[PDB]
Each structure stands twice: as structure tokens, then as C-alpha cells.
């Protein structure tokens, strides 16, 4: 999670898609879903990202509807965006013990309990928090067992990006669970 406002240049695919859905939150515009194999995922937009400008125009107080309209119109040749990195989220680094645990209970991706004398405890992991990423891979919409599997298949170091549930639940609203399961880019970035 950068303190960074950064710039991305986006290019519509052949179908006129950039693979993005945006959502109005507290008078900003935030990324609600980034699609696998999209211009948006290639240029490295992330769920939780805030779009400050599109083609030099300020997003403050746009409705979701309008931001979708703005994107639809733009000459797909070059859409430029100004992005603040996942402002509502924080990262925590943890270390698995000998048992290979980091010490929490989560349920529907929401953390619900911290285990005494765990790495999770030492690091001040919080409950009422939705897991957004693990080691920089988006895990939103995956089932808990799949999330569990990623934590198993992980190094001894584990990195989790988390978002206050009230905020997460207001972001995903109006997005069908299946869309999230199927289309939200759950891949490791490309180089």
C-alpha cells in the first residue's frame, strides 16, 4: 500500500472493454472489480484503488453510473487515469509457526478471531476485517478453503491485505457473488 498517486495509461481491448467496474464511496471513485486478462489488470489496477482522474478530469462526487458513462465514451486509443493506491486497505506481514499456523479464524473472508500468542497477535491483526489479498494475490470471491489453500501453499512469510468490513461491504454491494468468484482477477501479476 503506497502513499502514491500514480498514473496509468489504458487501452481498450478489441471488444471496447477495459475490464473494470467502479463504485462511488464517500464522494470518491473506487475500483469494485478488475477483470482477469483485461487492460485494467495488465496496467495493474487493483480492487480498492481510488481513481482521482480519468483523462485529466476529476472524479470527486461522481456516481458509479457516471463513471461507467465516462469510460464508455472516451476514445479508447488512450485513457489515462490517476490512481491512489488502495487507500482503505493496509498490509500485515506474519510468520507461520512450526505447525505452519499464523493464528486466526476467518469466515467468508472476514477475520473473526485472533489466537493467543500467535504471529497474528504479535502483529496486531484485527477482526471485523475482510481479507483482500494474500502475498499480493487478490482472493476476493474465492471460497474459504481456497483461501486456506493459499495460506498453506505459502512460504513461511505471509502477507495479507485487509479492509474494514463496513467499507468492504459497501464496496462490493450490487455485485453478484458469482461475478466476484469468476471474473475478479485472482492471478499473480505478470512481468
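Numbering follows the first chain given and starts at 1.
Please compare 24-32 with 150-158 and name the stretch with the higher mean C-alpha B-factor in the deposited structure.
According to the PDB entry, the answer is 150-158.
Decide which of the stretches 104-112 and 71-79 has the higher mean C-alpha B-factor, going by the entry.
The deposited B-factors put 71-79 ahead on the C-alpha mean.
State the tercile, meaning the lowest, middle or highest third, of residue 91 with respect to the CA B-factors recorded for its chain.
CA B-factor rank for residue 91: lowest third.
Against its chain's modelled residues, does residue 49's Cα B factor rank lowest, middle or highest third?
For residue 49, whose C-alpha B-factor we compare with every modelled residue in the chain, the answer is the lowest third.
Considering every modelled residue of the chain and its Cα B-factor in the PDB entry, is residue 170 in the lowest, middle or highest third?
Ranked within chain, residue 170 CA B lands in the lowest tercile.
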